[PDB]
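Working notes, structure below.
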Amino acid sequence: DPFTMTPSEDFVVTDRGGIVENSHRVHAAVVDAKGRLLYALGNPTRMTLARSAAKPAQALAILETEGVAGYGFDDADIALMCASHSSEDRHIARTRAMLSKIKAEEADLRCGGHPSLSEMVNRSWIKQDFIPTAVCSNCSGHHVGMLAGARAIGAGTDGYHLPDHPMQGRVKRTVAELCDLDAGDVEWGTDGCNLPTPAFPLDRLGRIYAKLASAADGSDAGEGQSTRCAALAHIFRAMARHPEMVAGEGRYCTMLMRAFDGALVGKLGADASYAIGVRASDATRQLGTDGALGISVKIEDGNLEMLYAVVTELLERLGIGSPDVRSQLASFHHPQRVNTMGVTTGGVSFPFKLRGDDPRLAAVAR
Amino acid sequence: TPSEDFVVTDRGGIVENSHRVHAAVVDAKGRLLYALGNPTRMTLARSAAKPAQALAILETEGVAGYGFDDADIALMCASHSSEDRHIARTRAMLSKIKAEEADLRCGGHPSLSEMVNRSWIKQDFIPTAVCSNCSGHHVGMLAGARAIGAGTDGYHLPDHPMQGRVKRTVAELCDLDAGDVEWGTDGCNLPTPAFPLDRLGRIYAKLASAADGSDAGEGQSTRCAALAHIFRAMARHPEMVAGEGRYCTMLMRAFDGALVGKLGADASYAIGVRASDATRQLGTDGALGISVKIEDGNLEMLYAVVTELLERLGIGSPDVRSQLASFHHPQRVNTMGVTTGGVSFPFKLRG
Ligand SMILES: NC(=O)C[C@H](N)C(=O)O
Ligand SMILES: NC(=O)C[C@H](N)C(=O)O
Ligand SMILES: [Cl-]
Ligand SMILES: [Cl-]
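Chains as they are written, first to last, in the entry's author numbering: chain B, -3 to 352, 358 to 367; chain A, 2 to 352.
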């Protein structure tokens, strides 16, 4: 019965010959520039570890640290501070360039190597028996930013990654401020790169990216801006102009931002979160808001292939982009289900229902 | 009405991911003894149905003349890691039936073992049909085709007599009518069945029950005798069923003949447990079957839940199950060696 559909039924499902294989619960929030909730799937206020979808907010703490401007970080450097890069050689090279700009060494990094986020890079590493190091971390440009901030204020580079360090005090404050949350409403764990990483309600992730895109609109319009809005507009512009620094070739974030060519930024969080800040457009206005928009997504079970499918389907349902823009993401939207002899064995479907109904139909966030 | 049963991973006490678990524990006739989630969930068994499909091969007239041995039969029940020793046995079995690799209708794929696949990548190796994790099963299907004079071209299509036999045999083992088993196409290009999750447990209860009756000298039909043979072959050659470091191999080695277990792609699992003090404490006087499906398809979580289930059920000693400790509580350690989180099992088995 379609007249009693509920948030708890918001799934992305794969099939084999029409028989259900796997299904994945979806949570999504679409918010305006003040964080007002416009559309939802699942539980839009789910307490969620943002993971690297929080890196642009952490990068604002770096950019607002007195003295950092003196180092001459350029837009590509700042995109790398916002990144989960593929450890391509240009990412490793830019990390070494940034270390030189602040006169630090790779031994000053407290993040660690891992297998590349790109299969193609990993394949090359395997052939050469290469063991990744700190400078290869997908979060290396962010760790260099944190080192830069520590040096700028005279705090010292030892322990920049620890919560008692002044840089982490600044990060924690800035994240809660961008979310419009009290400190006790943001929880903190330890990330794969060994930095504190925040958790907060999923819609406030959307809220951070609606503020990024709104700042981009204020800047493009020539409006006087606070130092913070100017810094948010700089982050937006850096990500959108250097999206390959944010991820890498073949990566969803890079292909999404190239496709939209300035109209939005997007960023992955590990274990299948996603965030998008959408500049004001005919599409946002048709959706019922006069400003910018933020979108945030979490796949409950952590599946990345399903995340990219769902995010792409969500952009289509919200009317964001053109069929031709979004067709650049078609391999993510409808993942190949082809067996070892080249026969198509099934596919992906999206039995979820965006909600903004009989008044008696309860939408219990689940 | 199924309850909400999850395995949950956390980072610092904060929920990261959660995975819905379905499980059925059944006795030798298939009566439901304990459950998680929806124990009758319609579920693609994938390679957890390989032993049942292998019974069709073993029951085919003339197949006994090829001289397949127990390790060979274990390969027919396998999702092996494409180790060089699995490749060699696939070629050996092709020689017993006078076939060649071109006769195979499965395709190569990245190895189920990460270590094997990195070895292949380092050497620019392109896997072929003989490397398929289901190669031994395909060689069995070729064997049955040749045995009845069916012709080896198209042994994998539903209208081939071998597939007619497989289709009929799966439903019989499940105790289902033909129309209660649904069929899709597998990664290896064979038909593959879907049926209620509890019937998967039932198949494996029948495997273990046949082993019990064989070990006791009982009046066994030809079918029970072959089910017993399948159980013995898997328990005696668990490295053919999977490979080094693989959960099924380590589970079966740990238990040393008391059970068999088998993985299904997209995170199904089946165990047939021979009658024991453990099963008697669980309230049944014969063998027992266990089947499990992680709704979202996560394998790490599957292995964790299966081992937690063995512990809840008291199957094995604590010493035996501690051999699976790395699967039971997967590592949650970051790139700098710091423990960042863990796995929890906030569910209760319902009886
Ligand atoms: N892209 C990511 O979310 C990576 C994550 N920040 C980590 O270090 O584990
Ligand atoms: N292990 C498996 O279930 C493999 C599966 N039978 C396939 O061919 O895709
Ligand atoms: Cl497939
Ligand atoms: Cl981690």
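C-beta atoms are modelled at their ideal positions from N, C-alpha and C, and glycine is treated no differently.
Identity of the residue in the options nearest residue i by Cα
i	options	result
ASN190/A	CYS107/A, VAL306/A, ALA243/A and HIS161/A	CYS107/A
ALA236/A	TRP121/A, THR153/A, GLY273/A and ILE291/A	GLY273/A
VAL293/B	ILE127/B, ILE122/B and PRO197/B	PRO197/B
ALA172/B	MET337/B, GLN324/B, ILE98/B and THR193/B	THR193/B
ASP(-3)/B	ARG367/B, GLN324/B and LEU362/B	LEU362/B
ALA89/A	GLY218/A, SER133/A and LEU283/A	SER133/A
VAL306/B	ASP6/B, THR0/B, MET1/B and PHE(-1)/B	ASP6/B
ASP320/B	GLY265/B, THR285/B and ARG254/B	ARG254/B
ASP73/A	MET142/A, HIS110/A and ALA50/A	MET142/A
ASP216/A	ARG233/A, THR2/A, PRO52/A and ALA65/A	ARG233/A
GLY188/B	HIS157/B, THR336/B and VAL344/B	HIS157/B
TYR67/B	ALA103/B, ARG147/B and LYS123/B	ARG147/B
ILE316/A	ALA268/A, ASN299/A, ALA259/A and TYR270/A	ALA259/A
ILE15/B	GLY13/A, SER323/A, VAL182/A and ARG281/A	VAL182/A
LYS99/A	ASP176/A, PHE69/A, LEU201/A and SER112/A	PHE69/A
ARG322/B	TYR270/B, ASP257/B and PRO360/B	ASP257/B
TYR270/A	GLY109/A, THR153/A, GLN324/A and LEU252/A	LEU252/A
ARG86/A	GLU240/A, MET337/A and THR153/A	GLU240/A
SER19/B	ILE295/B, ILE204/B, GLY13/B and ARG367/B	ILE295/B
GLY265/B	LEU174/B, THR280/B, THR336/B and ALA243/B	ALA243/B
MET337/B	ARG21/A, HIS110/A and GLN124/A	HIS110/A
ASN299/A	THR2/A, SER4/A and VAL22/A	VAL22/A
Contacts of residue i in chain A (Cβ-Cβ under 7 angstroms)
i	result
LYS123/B	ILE122 and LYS123
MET163/B	Per Cβ cutoff of 7 angstroms: no residues; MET163/B is ~17 angstroms from chain A at best.
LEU45/B	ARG12, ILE15 and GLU17
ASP267/B	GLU17 and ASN18
Own chain residues within Cβ distance below 6 angstroms of residue i, not counting five before or after
i	result
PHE346/B	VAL8 and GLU309
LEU45/B	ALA195
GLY352/A	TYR35
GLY185/A	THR193
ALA276/A	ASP213, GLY287 and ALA288
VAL167/A	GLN54 and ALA57
Contact set between residue i and chain B, taken where Cβ atoms lie within less than 7 angstroms
i	result
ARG119/A	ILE122
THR336/A	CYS107, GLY108, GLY109, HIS110, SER133, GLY188, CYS189 and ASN190
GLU183/A	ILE15
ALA195/A	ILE15
Same chain only: Cβ atoms within 7 angstroms of residue i, ignoring 5 sequence neighbours per side
i	result
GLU301/B	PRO331
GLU17/A	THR10, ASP11 and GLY342
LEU228/A	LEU56, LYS207, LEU208 and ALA211
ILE149/B	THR61, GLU62, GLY63 and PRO162
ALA326/B	none
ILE58/B	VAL64, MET77, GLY141, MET142, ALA144 and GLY145
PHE328/A	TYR248, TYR304, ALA305 and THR308
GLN164/B	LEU158 and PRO192
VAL131/B	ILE88, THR91, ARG92, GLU102 and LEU105
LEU311/A	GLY317 and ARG322
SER112/B	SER82, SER83, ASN118 and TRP121
Under 9 angstroms from the C-beta of residue i: neighbouring residues of chain B
i	result
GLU240/A	Result: empty, since nearest Cβ-Cβ is about 23 angstroms, beyond 9 angstroms.
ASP297/A	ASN18, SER19, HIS20, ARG21, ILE295, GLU296, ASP297, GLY298, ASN299 and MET302
Own chain residues within Cβ distance below 8 angstroms of residue i, not counting five before or after
i	result
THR340/A	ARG333 and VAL334
residue 353/A	Residue numbering for chain A in the displayed model covers 2 to 352; residue 353/A lies beyond these limits and cannot be assessed.
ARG313/A	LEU350
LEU283/B	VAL26, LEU34, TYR35, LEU289, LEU314 and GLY315
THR153/A	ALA100, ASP104, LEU143, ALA146 and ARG147
Partner residues on chain A for residue i, Cβ-Cβ distance less than 8 angstroms
i	result
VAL339/B	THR186 and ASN190
residue 357/B	Chain B lacks coordinates between 352 and 358, the interval that contains residue 357/B.
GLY342/B	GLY185
Contact between the region 105 to 121 of chain B and the region 80 to 97 of chain B is defined here as three or more beta-carbon pairs at a separation below 8 angstroms; is this criterion met? Yes: the two stretches touch, three or more of their Cβ pairs being nearer than 8 angstroms.
Residues near ligand 4, CB to any non-hydrogen atom under 5 angstroms, in chain order? Going along the chain, the residues that qualify are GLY188/B, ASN335/A and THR341/A.
Spell out a yes or no on whether the region 217 to 232 of chain A and the region 28 to 47 of chain A are touching, meaning 3 or more CB-CB pairs, one atom from each, closer than 8 angstroms. These segments do not touch.
Could you check whether the region 92 to 105 of chain B touches the region 129 to 147 of chain B, counting it as contact only if at least three pairs of C-beta atoms, one from each stretch, sit closer than 8 angstroms? The region 92 to 105 of chain B, when compared against the region 129 to 147 of chain B, does touch it at the 8 angstroms Cβ threshold.
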